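Worksheet: the structure to be examined is printed underneath.
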Amino acid sequence: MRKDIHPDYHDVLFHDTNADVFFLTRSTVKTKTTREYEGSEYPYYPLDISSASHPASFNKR
Amino acid sequence: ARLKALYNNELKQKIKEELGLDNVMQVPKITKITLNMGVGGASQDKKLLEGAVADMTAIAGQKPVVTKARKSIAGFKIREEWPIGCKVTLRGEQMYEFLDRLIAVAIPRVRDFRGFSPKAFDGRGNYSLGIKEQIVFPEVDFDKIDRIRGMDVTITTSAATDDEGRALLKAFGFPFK
Amino acid sequence: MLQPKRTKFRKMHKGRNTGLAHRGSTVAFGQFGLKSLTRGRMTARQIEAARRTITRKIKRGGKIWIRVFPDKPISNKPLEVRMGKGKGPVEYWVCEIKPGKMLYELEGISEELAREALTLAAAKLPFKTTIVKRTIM
Amino acid sequence: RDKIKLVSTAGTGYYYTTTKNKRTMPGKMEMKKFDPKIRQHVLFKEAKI
Amino acid sequence: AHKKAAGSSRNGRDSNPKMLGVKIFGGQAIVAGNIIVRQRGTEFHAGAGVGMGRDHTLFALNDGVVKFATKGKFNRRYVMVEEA
Amino acid sequence: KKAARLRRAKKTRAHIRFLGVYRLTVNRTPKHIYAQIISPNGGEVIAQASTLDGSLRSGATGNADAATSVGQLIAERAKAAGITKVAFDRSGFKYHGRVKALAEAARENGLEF
RNA sequence: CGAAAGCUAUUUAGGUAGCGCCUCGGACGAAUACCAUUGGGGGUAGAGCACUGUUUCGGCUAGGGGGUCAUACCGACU
RNA sequence: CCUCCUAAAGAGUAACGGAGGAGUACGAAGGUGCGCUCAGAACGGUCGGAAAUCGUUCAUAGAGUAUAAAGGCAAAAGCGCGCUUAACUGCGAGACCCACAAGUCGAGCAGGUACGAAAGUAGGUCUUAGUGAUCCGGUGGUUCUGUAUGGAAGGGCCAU
RNA sequence: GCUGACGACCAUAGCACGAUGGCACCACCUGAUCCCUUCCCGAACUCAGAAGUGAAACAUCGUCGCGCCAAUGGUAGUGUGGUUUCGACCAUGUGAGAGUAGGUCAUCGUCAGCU
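As they're listed, the protein sequences go chains A, B, C, D, E and F. As numbered in UniProt numbering, residues 1 to 55, 71 to 76 make up the first sequence, in order. With the first letter of the second sequence counted as 1, position 172 gets the number 173 in UniProt numbering; the numbers rise by one all the way through. With the first letter of the third sequence counted as 1, position 31 gets the number 31 in UniProt numbering; the numbers rise by one all the way through. With the first letter of the fourth sequence counted as 1, position 42 gets the number 43 in UniProt numbering; the numbers rise by one all the way through. With the first letter of the fifth sequence counted as 1, position 48 gets the number 49 in UniProt numbering; the numbers rise by one all the way through. With the first letter of the sixth sequence counted as 1, position 18 gets the number 21 in UniProt numbering; the numbers rise by one all the way through.
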């Protein structure tokens, strides 16, 4: 891993609002706001859908 | 890299018994993850490719490498060593953060998603998928975007058979079927 | 009129047909062959004259093998042309024949009609031929 | 390729002579060649031949 | 010139001889500098005591007796000058 | 891979024997580092120094400090062998770290190359 | 005593020049030749398809040669 | 002028014999140190296919080598990167080839370097084509000469 | 007895398939602060190390399935002398290639380490 050739790679808190499940993972996205997690305040990136929220007729005459 | 810690904690163990391996060192693991974004329209506009390099930097988190044509093809208007694609190889903790992001944040954001066919294995336990719209990743933003683009995601595992490869990927919760 | 579809080189050195046919001297495909007792050049017009004659005798009841292919171009100088000024153009294709080589084989046909057809083929050939039965060794 | 004269900068008048493409190398070429008059490597500057 | 099929085929040129080949054969006394093989490429390779020129020429680095052997994992033809 | 490591060692190995000089061949592993001196013929070992010696077997081998001791140790053994002028063979390994540390100790403690 | 009608070059090709071949003298003396044993490298004769081609027969098939409704996804079968 | 065959297993060997190339290129496409391995086939994968890019498995060269062909090429002579100018100067034991005039290879020595940690390697390029004598005239240098003497002109020598 | 280094030799040594090995040694292996790495990547290189494992690799052993090697005999060619119908033949001296019987899972040297 060289230096000063790679983009900024900081922690971001992904939060699926549907199921209210968080996802702590480092990434590059610059979040607008930053909420407080169990450890400290991480850049908050709201998320809409995640892995925890993503998935004859003639007889009526 | 929660998956790095979580793989060595229980995924490595549970795969061994589920596949009936006799040696802990014989369990499959993911070795490298390569992201290919081969842009054939380059060398004729010289604007598409830098936008691809800008896209991969945000997505993978590493400076990508610009792959040059290995052979001259007159049909595709391609000469020796022209830049017709970028690629990035992810290993160690860098792959496991990307895989977590791809499994939980990126794949659900695929429009009209039904699952990935398990018959897309090359036969040596190596998986390769394809993302049509690069906007699925939250790292890239919709507002100041150049244009919609796709990208290859190739997962290289230490497995020797297709059955071991899919069992390994199922452990992480990969969206099969 | 047999001839190679394409060759590496247009023209060839005369060469020297000598020796015995130690290869291609046994009946290998048919059950009944016609081999040569003398050497020489077997042009591609003699191939098709002996081959047309055997076909008319077997009358879609047998199988003919041609163990001789002409792949050697023979140049010829036209009339009223001095010596030199190059090498003449190619006019025909011979196959080099040595004593022992079969030229044709038959199979699937009465031994009387096969002898009667190979006899008629030798008449169009420049060789003293003979009639040979396929053996074990 | 035209012929050029590589002339030492030591003012001894010693020179080499070589060819160059004046479309891929339009400027003057300079190199450190050995000068037998002073038995020393010095810069040689391209001159018209 | 009836049948008119002849005509010029201009290929009447060739190059001069190069006088290649083995100059000193095995078991012969040799002195340093003597050319052993003139060749194109390394048909023979330089063994101990034999040098190789820019022309691929093999020459004796030191006096002795020239020796030929096929050695190595590539089954190459080597020429050596044994101190004898 | 050892096959690739020996593929990039062959250029020096073959040039050493053309020079007709004694060579200092080194071999390191993730546990040990070896150093032996081969004859110009190439089939005789005349001096060796490894981390299997009792002086520094029961110690922290596989280390840059252990490589220095081996280089210091072979220089003494080479000195009491008649050998003073060798040609270093890095045996495909990069001339760095453990291999380098061994070379400086050998080069400073009597062997000159 | 005893050739040459060769090589190279040539406004050369039936001329000429160097070398090769002859003679005379001098120097040198086995360093030369033949034969036996022995150390070498070769790619010819022959041979053979392992390469480059070419060639015949059979087996075997993605591509091709044909026949209802059938842009019905170009389908059953030769 | 170069390559193959003719050419008869050393060299050489002719024809208005059979086939092809040359009259260049490159300050890196040279030197060195370090590193690397190709062509294809199949499988998987967005556009994307027969073939662009990616990943996997076989794969002594079925590739490449600036330029024809032959012979070579894994220590690669093939492919990249860093630093460089040995594409030096004076030479050269010894050979090949050779009518001559020419041509070819060359260890080693001295000086000055370039790369390497060093042993070392480097006097252009994988080699074999890319060429033209003398005369004459020009140019850069030189104490050699300098028609009474000092110069100078002219000439000589070295380089072009 | 086995392991490693460097050599001889360059398939009778290779390929393939199976089995054995972890006390040393070797290999995977952990980690990436450090030296040093990547036209991106601790993959390779490099370092610091010892939780795991002989799974891969490697080494060793076994076999004839492939590959490789390979007679005897005969044939082809051929130097010399002779003859010939020009194909060849005789005397003498040589003598293949292909193919067959068969052989083959190498063989040694120096040094170090565990036993």
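Quick reminder that beta carbons are idealized off the backbone N, C-alpha and C, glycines included.
- Per DSSP, B/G124 has no beta bridge partner at all.
- Scanning chain E for C-beta atoms nearer than 9 Å to the C-beta of C/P78 yields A2, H3, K4, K5, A6, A7, reported in chain order.
- Judged by DSSP in its simplified three-state form, C/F69 adopts coil rather than helix or strand.
- Scanning the segment 34–78 of chain F for uninterrupted beta strand (DSSP E) segments of 3 residues or longer gives 36–41, 48–53, listed from N- to C-terminal end.
- DSSP, reduced to helix, strand and coil, places F/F21 within a helical segment of the structure shown.
- Chain E has a Cβ within less than 9 Å of the Cβ of C/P89.
- When DSSP reads this structure, D/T20 sits in a beta bridge with D/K4.
- Under the DSSP definition of a beta bridge, E/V67 partners with E/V82.
- For a Cβ distance threshold of 7 Å, nothing in chain B lies close to A/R35: the least Cβ distance comes to about 16 Å.
- At a beta-carbon threshold of 7 Å, none of the residues of chain A lie near B/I156; the nearest stands roughly 17 Å away.
- In the DSSP assignment, C/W93 is bridged to C/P73.
- Distance from the CA of D/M32 to the CA of E/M81, rounded to the nearest whole angstrom, comes to 41 Å.
- Between B/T155 and B/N127, the CB-CB gap stays under 9 Å.
- Within the same chain, Cβ atoms closer than 7 Å to the Cβ of B/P176 are found at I108, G116, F117, the five residues on either side in sequence being excluded.
- With contact defined as three or more Cβ pairs closer than 8 Å, the segment 15–26 of chain F and the segment 40–53 of chain F are in contact.
- Counting other Cβ atoms within 10 Å of its Cβ, F/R93 reaches 16 or more and is therefore classed as buried.
- Annotation: the continuous beta strand (DSSP E) that includes B/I156 extends over 152–158.
- Within the model, the alpha-carbon separation for C/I64 versus C/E105 is close to 6 Å.
- For F/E107, the three-state secondary structure derived from DSSP is helix.
- Taking 4 residues as the minimum length, the alpha helix (DSSP H) runs contained wholly in the segment 55–104 of chain B are 94–102, in order along the chain.
- Per DSSP, reduced to three states, the secondary structure at B/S118 is coil, with no helix or strand assignment.
- Cα atoms of E/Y79 and E/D56: separation of roughly 17 Å, rounded to the nearest angstrom.
- At a cut-off of 9 Å, the C-beta of B/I31 has no neighbouring C-beta in chain A.
- Close partners of A/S27 in chain B (Cβ separation under 8 Å): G62, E98, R102, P139, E140.
- Under the three-state reduction of DSSP output, F/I86 falls in the coil class, being neither helix nor strand.
- In this structure, the beta-carbon distance from C/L2 to C/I47 falls below 9 Å.
- Neighbours of A/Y9 in chain B, taken as residues at a C-beta separation under 7 Å, are given in chain order as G62.
- A Cβ of chain A is located within less than 9 Å of the beta carbon of B/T58.
- Across the segment 104–118 of chain B, CB contacts with chain A closer than 8 Å involve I104, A105, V106, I108, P109, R110, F114, in sequence order along the chain.
- Remark: C-beta atoms of B/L169 and B/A160 approach each other more closely than 9 Å.
- Of the candidates F/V48, F/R20, F/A52, F/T15, the residue whose Cα lies closest to the Cα of F/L105 is F/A52.
- Ranked by Cα distance from F/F91, the options F/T32, F/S72, F/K14 are led by F/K14.
- Inclusion of E/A2 and C/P89 in the CB contact set at 9 Å is not warranted, their separation being larger than that value.
- Taking all protein chains shown into account, B/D113 has fewer than 16 neighbouring C-beta atoms within 10 Å of its C-beta and is therefore exposed.
- By the criterion of at least three beta-carbon pairs nearer than 8 Å, the segment 38–48 of chain D is in contact with the segment 14–24 of chain D.
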